[PDB]
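Peer 1: First the structure, then my questions, so here it is.
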Amino acid sequence: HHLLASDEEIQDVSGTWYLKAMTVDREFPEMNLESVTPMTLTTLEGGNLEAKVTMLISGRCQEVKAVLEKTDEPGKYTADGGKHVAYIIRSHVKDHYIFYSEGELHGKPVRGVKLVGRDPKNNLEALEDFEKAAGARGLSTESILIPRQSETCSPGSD
């Protein structure tokens, strides 16, 4: 009775979530996430999932759009790149989900765990659960950043 995140509809994900934690290896620094925008998880006919979020990388607003294509392995998703394998997990807390992904950059393996869910306004229990995922993934000692919730991408000079 374990599973992962793909019973009949990931228990309804749809909606604009947020990012509360993002582990970033200490190999590729330069690019540093300064702020993040609400994550929009669109459920495609329950078959595929689309996640659109804008990140503030080094003052630069990077619009991200990942498509979680369902595979023959429930709880596993991939992108056209076939080199990006995303795994969606249901945090131990409500309104919280652990997002993980694996692949490679310029010929080097790269991954990352992201904690999404802020409905109840920050959850320490979820952070621990996530911090467990990172641990379980050995990413509990990376750069771990909690990008403030920025409903919109913009430095913030006002």
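Peer 1: Testing the spin-label approximation: label points 7 Å from Cα along Cα→Cβ at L44 and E8. State their distance in nm.
Peer 2: Placing both labels 7 Å along Cα→Cβ, they lie 2.3 nm apart.
Peer 1: Here is a follow-up. Output the Kirkwood hydrodynamic radius of region 65-155, Cα pairs only, in Å rounded to one decimal. If you can, show how the numbers build up before the last one.
Peer 2: Working: mean 1/r = 0.0695 Å⁻¹.
After inverting the mean inverse Cα-Cα distance, the result is 14.4 Å.
Peer 1: Then there's this: In Å, what Kirkwood hydrodynamic radius results for region 26-98 from the alpha-carbon pair distances? Mind dumping the intermediate values first?
Peer 2: Values: mean 1/r = 0.0721 Å⁻¹.
Taking every pair of different Cα atoms in region 26-98, averaging 1/r and inverting gives 13.9 Å.
Peer 1: Also, I was wondering about something else. When you count, for each residue, the other Cβ atoms within 10 Å and take the mean per peptide, how do 15-21, 30-36, 149-155 rank with the highest first?
Peer 2: 15-21, 30-36, 149-155
Peer 1: Assign unit charges at the C-beta atoms only (+1 for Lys and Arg, -1 for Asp and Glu), then state the dipole size of region 116-158 relative to its Cα centre in Debye, rounded to the nearest 20.
Peer 2: Dipole magnitude for region 116-158 comes out near 80 debye.
Peer 1: Using a 10 Å cut-off on Cβ atoms, rank the peptides 40-46, 83-89 from the highest mean neighbour count down. List each step's numbers first, then the result.
Peer 2: Values: 40-46: 14.3, 83-89: 18.4.
Listed from highest to lowest mean packing, they are 83-89, 40-46.
Peer 1: Send over the Kirkwood Rh of the chain, from the inverse of the averaged 1/r over different Cα pairs, rounded to one decimal Å.
Peer 2: Here the Kirkwood hydrodynamic radius works out to 16.0 Å.
Using ideal geometry, Cβ is built from the backbone for each residue, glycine included, and neighbour counts are taken over all protein chains shown. Taken together, the values in this text are just the output of simple stated rules run on the coordinates, not laboratory data.
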